[PDB]
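Per-entry structural report
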Amino acid sequence: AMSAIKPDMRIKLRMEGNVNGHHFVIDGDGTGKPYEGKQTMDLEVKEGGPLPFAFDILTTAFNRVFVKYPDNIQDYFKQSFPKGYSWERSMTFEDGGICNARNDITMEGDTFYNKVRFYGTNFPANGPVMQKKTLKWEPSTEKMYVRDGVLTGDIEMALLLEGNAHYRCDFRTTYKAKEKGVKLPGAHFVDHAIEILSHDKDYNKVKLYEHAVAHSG
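Calculation notes
As a convention, residue numbering begins from 1 on each chain and follows the written sequence, not necessarily the numbering found in the entry; residues with no coordinates do not appear. Side-chain descriptors were evaluated using all non-hydrogen atoms of the structure, hydrogens and water having been removed beforehand. Residues with missing side-chain atoms are left out of burial classes, side-chain pairs and their counts. Here a helix means four or more residues in a row that DSSP labels H or I, a strand means two or more in a row labelled E, and each is numbered from the N terminus. To get the radius of gyration, use the C-alpha atoms; to get the globule rule, take the number of residues to the power 0.38 and multiply by 2.2 Å. Throughout, exposure labels follow a simple rule: accessible area from a 1.4 Å probe, protein chains only, divided by the maximum for the residue type, with under 20% read as buried, over 50% as exposed, and the rest as partly exposed. The definition of a polar contact used here is a pair of N or O atoms within 3.5 Å, where within protein one atom must be able to donate a hydrogen and the other to accept one, and adjacent residues in sequence count solely through side-chain atom pairs. Two residues qualify as a contact provided that any one of their heavy atoms is within 4.5 Å of a heavy atom in the partner residue. In summary, the pairing rule links any two rings of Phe, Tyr or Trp, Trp by its six-membered ring, whose centres are within 6.5 Å, and it sorts them by plane angle into stacked for under 30 degrees, edge-to-face for over 60 and tilted for everything else. Two conditions define a charge located above a ring, namely a distance within 6 Å from the ring centre to NZ of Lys or CZ of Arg, and an angle within 35 degrees of the ring normal. Each salt bridge in this description consists of a side-chain nitrogen of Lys or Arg and a carboxyl oxygen of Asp or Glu lying within 4 Å of one another. A pair of strands is considered paired only if DSSP assigns at least 2 bridges between the two.

- Listed as the method for this PDB entry is X-ray crystallography; the listed resolution is 1.86 Å.

Given below as structure tokens:
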């Protein structure tokens, strides 16, 4: 049988968000190569712009289907389709900032649909997020393992800032296939690299790119 996952897929996304009380809506239109672990999104703020905080804190919320998995590691996410899966994420920043995010991922035809919710709070008014001092996320390694019976990914993240410093964050994401029969994979790692390829001056429009590869170390 031919895989539910097609080698060239489109992506549709809407995020409803609130960071330090600032409400916003962002739409995404993208394409990706699931078996190459590559995807590109064009994002557009639809409400609440210009955003008064660093766009970078949102970008990892804009799907682990787009990972190049070797044949010796079980691919939980590609096995989650056609039905799909969802994830919940906590992001705990070094200065007390805290974000919680969720994505519900479904498939219709050649397109992944993403229903994203994003909540951030406790960011200091003088900190780099509210002051828009971020430059990029550094490439990262996500540790995939089963925690309390649920596939979980832990990441030590780092935002490069203006002025020779990093702003660090702990990610924990829980991943759940909609079909409860999908077998849990063995522990492994996923290397990520996310980058903004271009953006407007006020980040109303952003082009985003991610490359990810799975490995056993």
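1. Thoughts on the overall build of the chain
- Helices and strands together make up the secondary structure of the chain, namely 0 helices and 12 strands.
- When the helices and strands of the chain are placed in sequence order, the string is β-β-β-β-β-β-β-β-β-β-β-β.
- For 217 residues, the compact-globule formula gives about 17 Å, and the C-alpha radius of gyration of the chain, at 17 Å, lands near that figure.
- A principal-axis box enclosing the C-alpha atoms of the chain has dimensions of 55 × 30 × 25 Å.

2. Examining the side chain of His188
- Tracing the chain through its elements places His188 in strand β11 (residues 188-199).
- On the basis of relative accessible area, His188 is assigned to the buried category, the value being 2%.
- Looking at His188, its side chain comes within polar contact range of the side chain of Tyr69, at 2.7 Å.
- Separated by 2.7 Å, the side chain of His188 and the backbone oxygen of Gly186 make a polar contact.
- Setting aside anything within four residues of it in sequence, one finds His188 in contact with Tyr69, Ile73, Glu142, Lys143, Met144, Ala214 and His215.

3. Regarding the packing of aromatic side chains
- Inspection of every chain in the model, using the stated rule, returns 12 aromatic pairs.
- With a centroid separation of 6.0 Å and an interplanar angle of 20°, the aromatic rings of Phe55 and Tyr203 are classed as stacked.
- What makes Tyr203 partly exposed here is its relative accessible area of 27%.
- Aromatic ring contacts, followed pair by pair, group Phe66, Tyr76, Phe77, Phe81, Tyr85, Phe112 and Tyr175 into a single cluster.
- For the cation-ring pair, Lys78 lies above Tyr35, with the distance from its terminal atom to the ring centre recorded as 5.3 Å.
- Taking NZ or CZ as reference, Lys143 lies 5.0 Å from the ring centre of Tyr145, over its face.

4. Focus: the pattern of salt bridges
- All told, the structure shown has 12 salt bridges when counted by the stated rule.
- For the salt bridge of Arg117 with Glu16, the shortest nitrogen-to-oxygen distance reads 3.4 Å.
- Note on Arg117: relative accessible area 34%, which makes it partly exposed.
- A relative accessible area of 36% means that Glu16 is categorised as partly exposed.

5. Thoughts on the pairing of strand β9 (residues 150-161)
- Within β9, 9 of the 12 residues are buried, which leaves the element mostly enclosed by the surrounding structure.
- Here strand β8 (residues 140-147) pairs with β9 via 5 bridges, running antiparallel. Across the sheet, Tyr145 pairs through a bridge with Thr152, a residue of β9.
- The turn linking β8 back onto β9 is made up of 2 residues, and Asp148 within it adopts a positive phi angle of 55°.

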